[PDB]
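Residue numbers (full-length UniProt numbering), protein chains in the order written: chain A, 396 to 638; chain B, 396 to 638; chain C, 396 to 638.
Where is the CB? At the ideal position from N, CA and C, for every residue including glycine.
Have a look at the structure below before the remarks.
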Amino acid sequence: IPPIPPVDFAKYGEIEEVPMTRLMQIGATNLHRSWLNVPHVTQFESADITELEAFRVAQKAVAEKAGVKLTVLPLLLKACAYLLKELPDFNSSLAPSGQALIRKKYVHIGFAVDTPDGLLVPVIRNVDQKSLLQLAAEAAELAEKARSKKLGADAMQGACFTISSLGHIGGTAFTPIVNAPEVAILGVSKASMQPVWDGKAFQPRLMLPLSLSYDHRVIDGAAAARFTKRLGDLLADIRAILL
Amino acid sequence: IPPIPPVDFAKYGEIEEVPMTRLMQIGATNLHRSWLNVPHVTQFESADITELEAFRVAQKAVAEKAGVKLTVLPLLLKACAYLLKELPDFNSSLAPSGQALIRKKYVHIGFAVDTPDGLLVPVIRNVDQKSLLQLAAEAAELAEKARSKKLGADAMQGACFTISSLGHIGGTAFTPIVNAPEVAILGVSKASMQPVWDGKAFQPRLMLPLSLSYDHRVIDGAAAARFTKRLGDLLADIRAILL
Amino acid sequence: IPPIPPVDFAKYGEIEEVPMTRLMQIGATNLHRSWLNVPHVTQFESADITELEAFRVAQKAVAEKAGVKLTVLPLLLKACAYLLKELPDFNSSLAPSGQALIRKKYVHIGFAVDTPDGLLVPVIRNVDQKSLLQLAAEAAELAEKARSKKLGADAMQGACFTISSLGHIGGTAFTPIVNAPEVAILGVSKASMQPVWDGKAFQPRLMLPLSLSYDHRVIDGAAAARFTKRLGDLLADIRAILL
């Protein structure tokens with residue numbers, strides 16, 4: 396690939412060199428590998444979480460008695476494990492022969508944690524089998540160990556899908572990069588009150604923006620649109636997961 | 396390009412291998428070729444189709460008497476053939492010498508059909524010369540032959556531009572990949588009722604999201620913004636095509 | 396990288412060859428270099444410029460007496476120079492060793508001008524030190540020289556960040572390409588009146604869409620979300636720059 400020409404940055408002013416942690420460097424390398432290997436498409440959708448939010452906030456009592464904080468992330472994780480079982484092409488990887496997909500029969504999901512040293516994506520195993528408070532507990536633990544560098548490499552392996560939530564900082568949407576060999580990643584941004592037409596007038600609903608980037612070699616456009624739609628449907632009523 | 400490291404997926408659970416159809420494999424190869432060759436930008440816009448929709452629905456009678464179904468796709472095709480003649484840099488391809496553009500004086504447009512076996516993009520020739528019911532007829536035929544594998548390779552060649560419509564499944568927008576050697580592709584997503592300021596209050600208008608990805612080597616930002624704007628203008632009043 | 400197969404375009408109709416200016420060719424080459432080198436993510440945000448706009452329009456008198464036109468661009472430039480000093484990772488470049496960042500202690504910003512011959516990105520030096528009317532003056536001058544080919548190569552060097560404004564043509568958002576060796580670019584699109592929930596009802600506010608694409612090797616998701624958020628905050632009240 397052509398290299399970027401070097402520039403004497405100091406011709407233009409004072410410069411200072413700060414170095415990259417080995418974590419940054421690793422991260423850099425892996426992102427570039429994915430970028431060049433995966434033809435990326437991002438599919439955007441908005442989900443109506445007005446009722447999810449109300450539920451979340453009402454279980455604050457129960458969550459506190461169990462020692463967890465109930466955030467949107469366990470809810471996101473549960474709904475995506477369910478969908479990853481329904482739409483198995485999203486829970487698979489392109490086999491090295493380029494002619495086969497390896498469908499995984501297990502659902503382990505990573506979530507992005509931004510730490511001082513760089514990005515870590517701890518993995519929760521068998522998300523499909525854990526309850527909302529189990530997942531809330533575990534997510535937090537893995538997050539604290541990640542910030543504290545106490546996260547052992549084991550816990551960073553064998554994920555099937557990644558959720559990257561920036562909803563806590565802000566933004567309308569973004570286009571995340573697929574962590575190959577996985578085939579998709581869900582970016583989640585800040586929720587806003589939006590007017591949503593009820594057939595007769597505009598009702599304020601709390602809308603969560605979802606950005607699903609996918610490996611277009613493995614997932615086609617219609618499959619991805621169907622995935623964010625189902626997910627919008629599941630978050631609008633999490634009871635459908637009970638069915 | 397660095398390869399993705401192989402992972403023993405079975406360390407983490409039960410895996411199953413399903414194979415890729417030759418169609419998937421072809422598709423995979425071509426998408427990756429475009430991805431690495433084309434510096435991609437997507438330009439997003441929303442078009443007011445309230446009046447297009449009303450027209451569409453009112454001609455249901457005439458369409459039924461002719462045996463066609465009038466969808467938004469013939470309307471999309473007609474308006475883009477008109478624009479492809481107005482803004483010819485979008486109807487061209489980068490010549491192999493990298494120093495010339497080949498402007499095509501003909502307008503043939505492909506549209507994406509997702510079939511069981513993979514993606515096919517049948518091509519309608521001389522879109523600029525056909526009427527809305529001719530195009531509605533032909534689109535359907537090519538679509539049925541595509542699903543039925545009866546589409547002969549001939550009908551998959553020499554397109555100038557591609558429309559990818561996911562409006563029927565859902566979604567807010569996406570970033571499609573350019574089918575090189577073409578220089579642009581129009582993604583269309585689901586139409587929603589949106590509040591649109593009329594200068595004094597917000598009026599509900601039916602808005603169609605458009606996502607135009609383009610080859611930034613050939614098309615610059617202003618040209619693309621001008622293309623989706625004109626298209627938003629043409630769909631808001633299809634009578635401008637008569638002018 | 397696999398080449399695109401040549402197609403005899405004339406099998407399908409009449410073609411005509413027009414050539415590329417040396418400017419287009421240069422541009423093409425550089426964009427492809429960035430594209431293959433930079434793993435790109437775009438972060439989208441909307442900023443409330445209702446009060447910025449009112450200010451802009453009220454200073455029309457003063458601007459006219461000084462001979463400048465006060466557009467949103469000097470306002471954009473001032474606010475980004477301030478942020479580029481606050482969040483220095485955005486004002487830096489990946490050192491050729493891949494293991495260091497070169498933080499620039501100066502703020503020079505380029506802005507995209509689309510000319511007949513291709514794209515030029517004139518650079519304003521030390522944006523952080525100039526006033527809104529100085530910047531309005533200079534932006535215009537560099538723009539006129541650019542259209543008139545009187546822009547000397549000197550003035551196209553050593554920028555730290557680029558703003559690409561298409562707000563004057565239209566569009567909702569786009570995904571700009573990073574001009575490597577810079578690490579980020581701000582795309583700005585057309586401002587619209589939007590309903591924004593005030594806690595009790597929807598208030599019409601003039602919203603400006605911002606699309607920040609960044610080099611994900613150097614900038615992580617949270618840093619970028621934090622940058623467009625701060626920028627949304629600064630444009631909602633430019634007096635925070637005084638602090």
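From residue i to residue j, what distance separates their C-alpha atoms?
| i | j | result |
| --- | --- | --- |
| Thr623 of chain A | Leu478 of chain A | 10 angstroms |
| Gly493 of chain B | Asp593 of chain C | 53 angstroms |
| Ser608 of chain B | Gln438 of chain B | 6 angstroms |
| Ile564 of chain C | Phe506 of chain C | 16 angstroms |
| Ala474 of chain A | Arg634 of chain A | 10 angstroms |
| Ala461 of chain A | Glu536 of chain A | 14 angstroms |
| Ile519 of chain B | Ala534 of chain C | 46 angstroms |
| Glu440 of chain B | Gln529 of chain A | 42 angstroms |
| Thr570 of chain B | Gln552 of chain B | 23 angstroms |
| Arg451 of chain C | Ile558 of chain A | 41 angstroms |
| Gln524 of chain C | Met415 of chain C | 39 angstroms |
| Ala453 of chain C | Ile504 of chain B | 49 angstroms |
| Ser587 of chain C | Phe597 of chain B | 12 angstroms |
| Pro491 of chain B | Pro576 of chain B | 10 angstroms |
| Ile580 of chain B | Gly627 of chain B | 15 angstroms |
| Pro398 of chain B | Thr567 of chain A | 33 angstroms |
| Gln420 of chain B | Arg612 of chain A | 8 angstroms |
| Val433 of chain A | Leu418 of chain B | 18 angstroms |
| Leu482 of chain C | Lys540 of chain B | 56 angstroms |
| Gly582 of chain A | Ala554 of chain C | 31 angstroms |
| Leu546 of chain C | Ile497 of chain B | 30 angstroms |
| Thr424 of chain B | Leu489 of chain C | 31 angstroms |
| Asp549 of chain A | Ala405 of chain A | 43 angstroms |
| residue 370 of chain C | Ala449 of chain C | It is not possible to answer for residue 370 of chain C, since the shown part of chain C is limited to 396 through 638. |
| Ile410 of chain B | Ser584 of chain B | 34 angstroms |
| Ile396 of chain C | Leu426 of chain B | 12 angstroms |
| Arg621 of chain A | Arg542 of chain C | 47 angstroms |
| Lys544 of chain C | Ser606 of chain A | 41 angstroms |
Name, in chain order, the residues that DSSP records as bridge partners for residue i.
| i | result |
| --- | --- |
| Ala579 of chain B | B:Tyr609 |
| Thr510 of chain B | B:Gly513 |
| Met588 of chain A | A:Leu601 |
| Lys499 of chain C | A:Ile410 |
| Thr557 of chain A | A:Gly505, A:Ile580 |
| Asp443 of chain B | B:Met602 |
| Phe569 of chain B | A:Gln438 |
| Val518 of chain A | A:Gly505 |
| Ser487 of chain B | B:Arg498 |
My guess is that residue i and residue j are in contact by the Cβ rule of under 8 angstroms, so how many angstroms apart are they, rounded?
| i | j | result |
| --- | --- | --- |
| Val413 of chain B | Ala495 of chain A | 7 angstroms |
| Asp615 of chain A | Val578 of chain A | Contact doesn't hold; Cβ gap of about 12 angstroms is too wide. |
| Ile636 of chain C | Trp430 of chain C | Incorrect: roughly 34 angstroms between the Cβ atoms, too far for contact. |
| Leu561 of chain A | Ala617 of chain C | 6 angstroms |
| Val591 of chain B | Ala531 of chain B | So it is not a contact: roughly 28 angstroms between Cβ atoms. |
| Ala476 of chain C | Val502 of chain C | 5 angstroms |
| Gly408 of chain C | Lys499 of chain B | 6 angstroms |
| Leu527 of chain C | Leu629 of chain C | Not confirmed; about 13 angstroms, so no contact. |
Self-check item: Residues of the region 548 to 575 of chain A with Cβ closer than 8 angstroms to any Cβ of chain C, in chain order
Solution: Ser559, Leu561, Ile564, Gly565, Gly566, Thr567, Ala568, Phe569, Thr570, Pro571, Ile572
Quiz prompt | Against chain C: residues of the region 576 to 596 of chain A by CB proximity under 9 angstroms | solution = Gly582, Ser584, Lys585, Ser587, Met588, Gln589, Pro590
Quiz item: Taking one C-beta from the region 462 to 471 of chain B and one from the region 508 to 518 of chain B each time, how about it: are there three or more such pairs within less than 8 angstroms?
Solution: no
Self-check item: Residues of the region 404 to 433 of chain C with Cβ closer than 7 angstroms to any Cβ of chain A, in chain order
Solution: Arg428, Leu431, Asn432
Quiz item: Touching or not, the region 598 to 606 of chain C and the region 440 to 447 of chain C, by the rule of three or more beta carbon pairs under 8 angstroms?
Solution: yes
Exercise. Scan the region 492 to 515 of chain B for residues whose Cβ lies nearer than 8 angstroms to a Cβ of chain C and list them as they occur along the chain.
Key: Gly493, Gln494, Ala495, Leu496, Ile497, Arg498, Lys499, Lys500, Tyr501, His503
Exercise. Output, in sequence order along the chain, the residues in the region 595 to 625 of chain A whose CB is closer than 7 angstroms to any CB in chain B.
Key: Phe597, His611, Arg612, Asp615, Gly616, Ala617, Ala620, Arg621, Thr623, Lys624
Quiz item: Can you list, in chain order, the residues of the region 438 to 472 of chain A whose Cβ is nearer than 9 angstroms to any Cβ on chain B?
Solution: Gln438, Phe439, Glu440, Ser441
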